[PDB]
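S.K.: Next input, structure requested:
(chains A, B, C, D, E, F and G)
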Amino acid sequence: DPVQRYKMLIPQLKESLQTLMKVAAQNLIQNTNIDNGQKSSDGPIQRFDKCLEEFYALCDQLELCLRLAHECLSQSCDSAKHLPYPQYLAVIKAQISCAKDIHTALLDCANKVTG
Amino acid sequence: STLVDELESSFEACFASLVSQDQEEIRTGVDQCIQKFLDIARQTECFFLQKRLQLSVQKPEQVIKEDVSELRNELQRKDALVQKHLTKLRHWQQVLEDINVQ
Amino acid sequence: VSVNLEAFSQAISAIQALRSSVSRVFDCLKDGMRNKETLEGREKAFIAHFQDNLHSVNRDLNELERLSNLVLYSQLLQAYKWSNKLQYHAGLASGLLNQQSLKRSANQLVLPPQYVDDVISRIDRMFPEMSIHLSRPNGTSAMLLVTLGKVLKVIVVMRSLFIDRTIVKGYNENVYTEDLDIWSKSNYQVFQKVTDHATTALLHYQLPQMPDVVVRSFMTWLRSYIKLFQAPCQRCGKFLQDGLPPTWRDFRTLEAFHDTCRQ
Amino acid sequence: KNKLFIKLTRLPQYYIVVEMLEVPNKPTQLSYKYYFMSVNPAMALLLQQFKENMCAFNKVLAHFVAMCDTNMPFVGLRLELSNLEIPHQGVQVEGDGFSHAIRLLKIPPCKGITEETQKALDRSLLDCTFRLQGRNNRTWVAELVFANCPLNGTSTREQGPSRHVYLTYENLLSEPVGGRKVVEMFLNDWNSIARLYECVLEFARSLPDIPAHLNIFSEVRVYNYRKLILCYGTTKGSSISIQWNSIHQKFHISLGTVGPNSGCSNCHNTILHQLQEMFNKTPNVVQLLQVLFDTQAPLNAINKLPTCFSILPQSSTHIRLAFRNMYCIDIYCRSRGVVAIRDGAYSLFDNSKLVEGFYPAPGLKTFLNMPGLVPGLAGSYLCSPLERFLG
Amino acid sequence: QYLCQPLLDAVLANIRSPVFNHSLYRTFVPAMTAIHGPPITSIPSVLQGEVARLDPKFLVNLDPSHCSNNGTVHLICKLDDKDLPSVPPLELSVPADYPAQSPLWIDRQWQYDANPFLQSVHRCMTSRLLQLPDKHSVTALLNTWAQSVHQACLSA
Amino acid sequence: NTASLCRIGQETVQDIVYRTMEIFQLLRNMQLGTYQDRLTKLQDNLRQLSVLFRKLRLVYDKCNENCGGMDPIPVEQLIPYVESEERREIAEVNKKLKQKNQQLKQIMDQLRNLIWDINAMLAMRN
Amino acid sequence: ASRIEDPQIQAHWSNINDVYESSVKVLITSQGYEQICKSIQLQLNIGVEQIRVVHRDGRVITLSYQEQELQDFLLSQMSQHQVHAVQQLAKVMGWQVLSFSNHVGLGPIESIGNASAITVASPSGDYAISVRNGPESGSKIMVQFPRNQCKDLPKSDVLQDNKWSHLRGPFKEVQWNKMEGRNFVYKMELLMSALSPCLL
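M.R.: Numbering: from 1, shown residues only, chains lettered A, B, ... in the order given. Structure data below:
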């Protein structure tokens, strides 16, 4: 699904870049033709601004999908790294809490000795 | 001002990252704090060496007392070592005298 | 898997690069040409910068397409993150601080044989290619016969949990297998040079207090002599004189080297 | 026919030839003649003879061998310096008797650096002494000594106007000691030093006129001529580092936390890429201090959110916060301590929903904490802290 | 090339238009500033260095005696060493643009004559200048002068 | 007296960095009985480290407050360039240690000869 | 060991020997700095007719039954350990090592061993030290004082600026005799502290 979505958006991102480049070229040519002496049709034109925001929207959607997948994969690998299941989670949380107590003790002592 | 205070603050700062309520950040942080701690430690060592040089060049008698104490300690250590060696030698002499028999 | 994690992290940067590169093309165009002191220079500078910006957008888009192919409860995750952070931080700190030690002096053996046996067994557990045979023909001083493939037969002479003498021999050669041939030569010049380099490594790997990492590093450096007769001089060709590839493997860098070339 | 060929293993292709001749008057003595041979089926190139200056050591032989092994590596470096049009003095005996050194006079000025900065650099480079050291005699060190340092640091670097920087180069095992890569890397480091001297000169010129908040907010800490470590924060905890990477030809900033009061990070690691690009487009450090001072307070609040909430880093001062999969909000930081929040998924143009969609049901909560999606603003950095948990 | 080309074509059309920037400016100002937001928040030095980095044996100084300050820089330095010295002035004319046109020593044979040692030092130092490589420096001339004097000492 | 207090201050500042290094190594080896031992070791290290701070501080105060009459000469004016009963006690101790070292050298020579003889015999017996 | 006492000497004979072989472990440390001064160590192999030396730097030398050869070799090794001591001290102190040559060829033609060479700079710029020890002529140390500090160097009119008055200049020599400490490393450390910041 996260890999699948990344595949789905990539053709769209290429399409959005193509339109944004083409629309920019049409707008610049019309503006140069109006600024210099050169007749040009009013036409549909299509605004450059609308295309540039669309490209940014697709970029955010892709980054959000990848960031979630990376976070989910990182959490899974860490979970694997660390008889009944309730006692299992109990001893895990107990080890983590005792490590945190050691942390707090070292911190408070090293901060009370000086500074 | 009291380089002791500055070295204490650097030793606190070397712990100021973990003791609080990816890899590149901790990397550069430990680089900076460790190098600062090393520089200030080498500076305090330099100050102590300067004080030693001054006291030795202007008051060369306490160094002589230090040499006397060190030589006496060396002699005592040598005597203790030779005593232990003699004890082991006498033990092994008795052990060998026990054997060799028929 | 870890390879997937890296591909996702690389891809996240590639999306950020594509967005930044597209913004750069438009942002630079808005500023437009600069005077540049010359007509030819100004035209060239604008074209060069625009083309570099346009190419960067193409390169960044291509990477994203290629990267597609490759790929009470919160406190627990907080503890996991802090454990990883402390591990990395303390590792880096210990490395940086033991690399530069200000200790200048010490003044301000007896060892159990079973402990040495356990250490040797632990070292033999790793490095499955190497096989170490413990034996004590003369006193508590242990003598180790270390077979490395069909390549080497090293004779380490422990006096304690300490390395004193090493004489490597060939696989086809006879160590006499019995009362151990401690004093002999390999009859081949290559293995004699390897004995010299092993004594050099012994004199090099000398930790003051801990007597285990020294033997660990010695066995690891010996294991590098399994690609002997098969690896280049990284400065010379396969047979620099006629000694083989690497009589020498750099300490801290298990690379082959001829003694005549350097190192 | 009675001669010995002493090859130099460190520097190859160089062979000393020691020939022995019978002396006529004494039938129990010998004479030694030493020649300097060189090789390219071995082909000799040139031959020259040094003739001037227990009894089995032959002191002069070992002396000549050591002299050759110490001097010959400098010849290749001299040739490489001459081939790249770098004016350099010849190999000279240093004042401490035993030595060899190649003191450069002028460096090729630069590429891509303004003329006035080139002048400021060329009038501050006092010496560029190169020396050889290291086992096997293949490490080079250049000691540059600059004068009139622009700005000092908190460390003990406020001494006399003479800053000494040592640049070390160790070529690979192949590519012999005298080669092109050493001087190429040296020129690359010089170019990076110049591109950094640009920004340090700008900052030194802007130091007298400061908006008077960044002066207490930020402080310079070290200046090693290849890195800029500025430190900011209320307690001077956070630190930013400026450096020019010649490999990518772009400025590389590195952020860290050095101070006995801070969070778990520099708190600016979520805007690192946009700050990189920002400093790459316009190389000015006062703008960096200003945007950091403006964006630190909202970042300290937006970093503590539970990680549900997802932080999408958009362009600078436009950090995006999103819900599990159906809500969004835009953070627009501005000067004078104000943040403008938006509806998020809403579009700044024709009223259609984005890919995420799902228009935020409330939005008036943000109003009482500070269509109808135009602009919610005027939060004075305290709403930015409470509205987090409130929303 | 691909996917960008018309933009490229467009700007390659419209260079050397005087109104150019403005057209670009217009069509690119609002959207960007809407999306990204508001904008941003006597003696040459090489000779001086060469002098500063000499061996304390030499005591180089300027030359106000001859016609100078119009062409090259003339120097009478010294020889202050335990080994006996050749005539001290060795007037050296370092031309402008130092990293080229290697400096030339203005010969003064009359003082180096009338003495065998001075004739020998002159001969050997001249030969050593002949063997010197092209584009030599001032330090090179000073060092070869010193070593030529030393050769004359060891020969006689 | 003061010249030995300065050496004490030197050894304290040379040992504090080693103590911090040992603390770093202990925090590194602390992966997640043995936890109690690691904790008490870290606490003892911290206590001894604070004691070392106090010792170096007090010796600093001592060497700073001492400032004996014989220090008018600033540094760099002391290096020598080109251009009673204590000595008798030193000589007596030197003669004594020389005699003791000669005797110890004789003992070591005899021990080396013994070991070499035993090794040669036990090697040739095979 | 009895005659030469300045650097150090050590020997640890092996436990098991043979009828045609033996081995020792020679170490050349300093009196006070045992830790840092651990760069030169030897492992002699006393054969039936030849003594084989394996140095820590990967150098194997086959000596003879002659007594002098060994004495000259050990003297040269002590001379080299003397400069290695200064190198290792400049590492700990932070004195940037400007140059280091294990077998220098410039100077007087030396005795049995080739001379060594080192040159380090003070951490705060201006000051610098240089050391040249040899088996015959050794302990030739000279400090590099900065310009505008000796006040005895002849000035030049070509120098018209004050920026050039900061470079390390007159190269003054120091007498190693009539000094403090007891070992070469003690005197080197005292000289380094003398040329330090004097923060006091």
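
S.K.: hmm, the helix or strand where residue D:239 lies in reach of chain B?
M.R.: Using DSSP states H and E, residue D:239 sits within strand D:238-245. Yes: Strand D:238-245 lies within reach of chain B by Cβ under 8 Å from any Cβ of the partner chain, at D:239, D:241. In this view, the C-beta of every residue, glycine as well, is placed from N, C-alpha and C.

S.K.: elements contacting that strand?
M.R.: Helices and strands touching strand D:238-245, as assessed by 3 or more Cβ pairs under 8 Å, 6 or more residues apart in numbering or on different chains; DSSP states H and E, comprise helix D:180-206, strand D:228-232, strand D:250-257, helix D:285-303.

S.K.: residues of stretch C:7-19 that come out buried?
M.R.: The neighbour-count check on stretch C:7-19 (16 or more other Cβ atoms under 10 Å in any protein chain shown) flags C:7-8, C:11-12, C:14-19 as buried.

S.K.: now, which of the residues you listed lie within helices?
M.R.: C:7-8, C:11-12, C:14-19 (DSSP state H).

S.K.: can you redo those as TSV with distance to chain A?
M.R.: Putting those into TSV (distance: Cβ to the nearest Cβ, whole Å) gives the following:
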residue	distance to chain A
C:7	9
C:8	4
C:11	5
C:12	5
C:14	9
C:15	5
C:16	7
C:17	11
C:18	7
C:19	5
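
S.K.: ok, those vs residue C:164, which is closest?
M.R.: Checking those against residue C:164 by Cβ to Cβ gives residue C:7 as the nearest, at 50.8 Å.

S.K.: Could you double-check that the closest one sits in contact with residue C:67?
M.R.: Yes: at 6.1 Å, residue C:7 counts as touching residue C:67 under the criterion of Cβ atoms under 8 Å.

S.K.: so what's whatever residue of chain E ends up closest to chain B up against?
M.R.: Nearest residue of chain E to chain B: residue E:41, at 24.6 Å (Cβ to the nearest Cβ). Residue E:41 is in contact with D:287, D:290-291, D:294, D:335, counting by Cβ atoms under 8 Å, 6 or more residues apart in numbering or on different chains.

S.K.: Now it: closest residue in space, sequence neighbours ignored.
M.R.: residue D:290 (4.6 Å; Cβ to Cβ, 6 or more residues apart in numbering or on different chains).

S.K.: and chain B, which residues reach chain A?
M.R.: Within chain B, the positions adjacent to chain A are B:5, B:8-9, B:11-12, B:15, B:18-19 by Cβ under 8 Å from any Cβ.

S.K.: Assign a three-state SS to the closest residue to residue G:124 other than its chain neighbours, would you?
M.R.: Spatially, and ignoring its direct neighbours in sequence, residue G:124 is nearest to residue D:159 (5.6 Å; Cβ to Cβ, 6+ apart). Secondary structure assignment for residue D:159 (DSSP: H, G, I helix; E, B strand; the rest coil): coil.

S.K.: Please name whichever of the helices and strands packed on strand D:238-245 is nearest to residue D:276.
M.R.: Closest of the helices and strands packed on strand D:238-245 to residue D:276 is strand D:250-257, at 5.9 Å (criterion: Cβ to Cβ).

S.K.: check whether the closest one contacts chain E.
M.R.: No: contact of strand D:250-257 with chain E is not found when judged by Cβ under 8 Å from any Cβ; the minimum separation is 16.0 Å.

S.K.: quick one, what contacts residue 56?
M.R.: You didn't say which chain, so I picked chain A. Residue A:56 makes contact with C:19, D:314, E:35, according to Cβ under 8 Å, 6+ apart.

S.K.: actually it's chain F I care about, not the one you picked
M.R.: B:4, F:9, F:12-13, F:16.

S.K.: one more time with 10 Å, if that's ok
M.R.: Residue F:56 makes contact with B:4, B:7, B:44, B:48, F:8-13, F:15-16 under the criterion Cβ atoms under 10 Å, 6 or more residues apart in numbering or on different chains.

S.K.: One more: residue F:29?
M.R.: For residue F:29, the contact set (Cβ under 10 Å, 6+ apart) comprises C:90, C:94, F:38.

S.K.: Among these, which are located in helices?
M.R.: C:90, C:94, F:38.

S.K.: Buried ones only from those, please, as a PyMOL command.
M.R.: The buried residues among the ones in helices among the contacts of residue F:29 can be selected in PyMOL (16+ other Cβ under 10 Å) with this line:
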select buried, (chain C and resi 90+94) or (chain F and resi 38)
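
S.K.: Thanks a lot, catch you later.
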